[PDB]
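Student: quick one, what's the 3D model for this:
(5 chains)
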Amino acid sequence: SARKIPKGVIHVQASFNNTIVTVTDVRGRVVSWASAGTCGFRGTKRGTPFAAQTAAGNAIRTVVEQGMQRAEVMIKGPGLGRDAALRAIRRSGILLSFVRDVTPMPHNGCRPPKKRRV
Amino acid sequence: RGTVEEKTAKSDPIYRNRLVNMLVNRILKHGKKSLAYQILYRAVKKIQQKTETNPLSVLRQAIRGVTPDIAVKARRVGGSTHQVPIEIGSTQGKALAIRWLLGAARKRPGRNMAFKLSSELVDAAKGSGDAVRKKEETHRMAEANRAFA
Amino acid sequence: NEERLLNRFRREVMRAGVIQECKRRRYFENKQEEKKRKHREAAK
Amino acid sequence: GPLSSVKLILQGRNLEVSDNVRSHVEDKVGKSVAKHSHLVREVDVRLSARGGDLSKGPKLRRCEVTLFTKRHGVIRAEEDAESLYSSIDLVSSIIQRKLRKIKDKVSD
RNA sequence: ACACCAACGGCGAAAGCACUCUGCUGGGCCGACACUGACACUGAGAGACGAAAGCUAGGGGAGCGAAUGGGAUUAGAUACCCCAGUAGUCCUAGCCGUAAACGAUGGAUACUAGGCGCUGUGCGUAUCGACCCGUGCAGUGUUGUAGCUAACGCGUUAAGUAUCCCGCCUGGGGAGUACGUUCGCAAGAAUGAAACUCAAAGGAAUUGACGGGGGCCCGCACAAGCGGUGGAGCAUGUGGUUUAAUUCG
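Tutor: Numbers count the residues shown, from 1 in each chain, chains lettered A, B, ... in the order given. Dropping the coordinates below:
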């Protein structure tokens, strides 16, 4: 089990080739995580909006032991996995308070690597 | 090229049905229309002999179980081939339905084409045989790749 | 809730296109004039 | 094309062909399209000669090589040189660029 | 290392210079006559500074990343892709003195349409205070008259008209090489030929063709069907082989 409080943050690591749908409490002990590599298929298929939908659905379908009402989602990063994930959470329709972005916006910190030339 | 002029489709010779006339045109091989006519109406007189319902009912109820709602169109973007499924239309599903039904009906041996089309037709009416399995193996491939669009 | 998306709509305020910008290398004024000339003309 | 390669077909017009000629054909053409890994179907090498002491006009040796490949079309190269050997080497170079055009265009 | 601010923006002689604050200090621009009275311009040789990579000495080392190593693609891959990753990147003190160090345009003065701008100050209007209009200059930009130009274009910031001062050029290779000398810890930099050989090497523009450059539109061109060939047998034609000839095209 857990603390049994039905409010908790959801983080969506939407990568450029993957998604991770994790869900955790206010302190930060994770109650479940499920990614595109978690839900079966793996390779070039993972990181597509069907993987965001299935990974989000298989992520938050297992919080029915909690039955969280007051949801709040804190996504991160670029990729094709955001909008399908928000349509998945709104499909489950639980009390999504506010979604938000927490993406790392650097202030010219490190040099990003070589351009691809492909 | 732009389009095809709209359509002209007549009904069945003796039952006045636009589906069964489509089926008698699809069983036609090189002009022998009286023989394809003969095969279809011997199949109907066979289907009155097997069960005791309307042949429109067992035929339409058969081809509802052959018609797919979605299929694989192996399309391309940037040189990259996605197996993305695109939702097929209705009368397209009719033509594919009696297509797989008829070609699969040209495999089950033993007797004349009336028994062959009858047997694969009732197998479509019961979810057995090969046409509805062909529906499944063309249906569980587009289901297998929904991670594209 | 309804199926409206204001996070994408609000997202183009400060676009995630500052992250597709920062994957590839720190390069000087040739591609900063290409990207920032096309970007100084996209907003005018 | 000694073994495993595309099927060789010679044509000899105005030219009695020898051992050194078609040997130079299969060794220069075949052994320069020996680093291929191509299942090209058919190579038609049509090797005609003309002029000089044979008839009116300058001394010419003219080869056309045609490849009916599976791999994106058919190709042919005609070159006309002072000797047979310079013709077949020159068409050998041209068909090297055309096959690297085909293999290199298969990318991504 | 310093996001948004960032602007076809400001400053520096150029290279360069952007998180903020402080200290020292250069340079620019404008006004009043406040002063001196031609003190001006250029500059051989000289001297300074001079992106990046490089080297000596010592720190430091997160990211990135030559070389390297492994995986992949590939006929092959010492390469593009990917995963690790050393010198280097940063700083102190030096050396090196080259870059497409480009505005591909040495500097200075005088004169020769305009339009649209931006930056800094000055005057008048307007209010009495921020505006706002015209302007006096200096600088920066964009279209453009005259004129020049082989053309493209440049055009008050000329590639215009003139004057001055310095550098550099006289066909292309050979060759920024050889030899010598100076500088440099080395890497190399600078100065810089000839033998021989070629009748071209180049610039701007045009017309075509072509592009694994766009844009648009047809075609049984692909896709959707339907039916075949390639498998078997035969008819026939060609190539090869054979023969005295297997006529020739």
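Student: contacts, neighbours, all on C-alpha from now
Tutor: Noted.
Student: what about the helices in the chain?
Tutor: Unless you meant another one, I'm taking chain A. Counting by DSSP state H, the segments of chain A that form helices are A:49-60, A:83-92.
Student: try again with chain C
Tutor: Ranges of helices in chain C, per DSSP H, are C:7-11, C:29-42.
Student: among these, which comes closest to chain A?
Tutor: Relative to chain A, the nearest member of those by C-alpha to the nearest C-alpha is helix C:7-11, separated by 7.7 Å.
Student: show me how far the closest one is from its chain's centre.
Tutor: Put simply, helix C:7-11 sits 13 Å off its chain's centre (C-alpha atoms, centre = their mean, to the nearest Å).
Student: who are the packing partners of it?
Tutor: Packed against helix C:7-11 by the contact rule (3 or more C-alpha pairs under 8 Å, 6 or more residues apart in numbering or on different chains; DSSP states H and E) you find no helix or strand.
Student: contact partners of it?
Tutor: With C-alpha atoms under 8 Å, 6 or more residues apart in numbering or on different chains as the test, helix C:7-11 has contacts from A:83, A:99-100.
Student: for it, list every residue counted as buried.
Tutor: Within helix C:7-11, no residue counts as buried by 16 or more other C-alpha atoms under 10 Å in any protein chain shown.
Student: is it anywhere near RNA strand E?
Tutor: No - shown here: helix C:7-11 not in contact with RNA strand E (C-alpha under 7 Å from any atom of the strand), separated by at least 14.0 Å.
Student: please see if stretch D:55-62 touches RNA strand E.
Tutor: No - if you take C-alpha under 7 Å from any atom of the strand as the test, stretch D:55-62 misses RNA strand E, and the best it gets is 13.5 Å.
Student: so who does the spatially most central residue of chain B touch?
Tutor: The centre of chain B sits closest to residue B:98, judged by C-alpha atoms, centre = their mean, with a distance of 1.6 Å. By C-alpha under 8 Å, 6+ apart, residue B:98 lies in contact with B:23, B:26, B:63, B:66.
Student: between which two of the residues you listed is the distance greatest?
Tutor: Farthest pair in these (C-alpha to C-alpha) is B:26 and B:66. Separation: 15.5 Å.
Student: what about the two, which has more around it?
Tutor: More neighbours surround residue B:66 than the other of residue B:26 and residue B:66, with 27 against 14 (other C-alpha atoms under 10 Å in any protein chain shown).
Student: test my guess that the more buried one contacts residue B:124.
Tutor: Yes - taking contacts as C-alpha atoms under 8 Å, residue B:66 lies within contact range of residue B:124: 6.9 Å.
Student: what do the two both touch?
Tutor: Shared contacts of residue B:66 and residue B:124 (C-alpha under 8 Å, 6+ apart): B:101, B:131-132.
Student: let's see which of these end up in helices.
Tutor: Under the assignment DSSP H, these contribute B:101, B:131-132 to helices.
Student: for those, which one is nearest RNA strand E?
Tutor: residue B:101 (10.8 Å; C-alpha to the nearest atom of the strand).
Student: tell me the secondary structure for the closest residue to chain A within chain B?
Tutor: Ranked by C-alpha to the nearest C-alpha, the top residue of chain B for proximity to chain A is residue B:147, at 4.9 Å. Secondary structure, DSSP: H, G, I helix; E, B strand; the rest coil: residue B:147 is coil.
Student: who's in contact with the residue lying closest to it once chain neighbours are set aside?
Tutor: Take residue B:147 and drop its neighbours on the chain: the residue closest to it by C-alpha to C-alpha, 6 or more residues apart in numbering or on different chains is residue A:50, 4.9 Å away. Taking C-alpha under 8 Å, 6+ apart, we find residue A:50 in contact with A:84, B:146-149.
Student: quick check: residue A:50 vs RNA strand E, distance?
Tutor: Going from residue A:50 to RNA strand E by C-alpha to the nearest atom of the strand, to the nearest Å gives 25 Å.
Student: repeat for residue B:45
Tutor: Applying C-alpha to the nearest atom of the strand, the value for residue B:45 to RNA strand E is 25 Å.
Student: need the phi and psi values for that residue.
Tutor: phi -70, psi -20 (degrees, to the nearest 10).
Student: do the same with residue D:90
Tutor: Torsion angles at residue D:90 (phi, psi; degrees, to the nearest 10) stand at phi -70, psi -40.
Student: my read: it touches residue D:79, true?
Tutor: Yes - with contact defined as C-alpha under 8 Å, residue D:90 and residue D:79 form a contacting pair (6.9 Å).
Student: quick one on the thing from earlier: can you confirm the residue nearest to the centre of chain B is in a helix?
Tutor: Yes - assessed by three-state DSSP, residue B:98 belongs to a helix.
Student: in a strand, residue D:61, correct?
Tutor: Yes - if the criterion is three-state DSSP, then residue D:61 is within a strand.
Student: contacts only, for it.
Tutor: Residues near residue D:61 by C-alpha under 8 Å, 6+ apart: D:47-50, D:80-84, D:87.
Student: check the gap between residue A:64 and residue A:4 for me.
Tutor: Going from residue A:64 to residue A:4 by C-alpha to C-alpha, to the nearest Å gives 11 Å.
Student: the two: who's more crowded?
Tutor: Neighbour count, other C-alpha under 10 Å: between residue A:64 and residue A:4, residue A:4 has more, with 11 against 8.
Student: do you know how far the residue nearest to that one when sequence neighbours are not counted is from RNA strand E?
Tutor: In this structure, residue A:4 finds its nearest non-sequential neighbour in residue A:66, 6.3 Å apart by C-alpha to C-alpha, 6+ apart. Residue A:66 sits 38 Å away from RNA strand E, going by C-alpha to the nearest atom of the strand.
Student: what does residue A:66 show for phi and psi?
Tutor: phi -90, psi -50.
Student: contacts only, for it.
Tutor: Applying C-alpha under 8 Å, 6+ apart, the residues near residue A:66 are A:4-6.
Student: list just the nearest of the contacts of residue A:50 to chain C.
Tutor: Set against chain C, the nearest of those by C-alpha to the nearest C-alpha is residue A:84 (10.8 Å).
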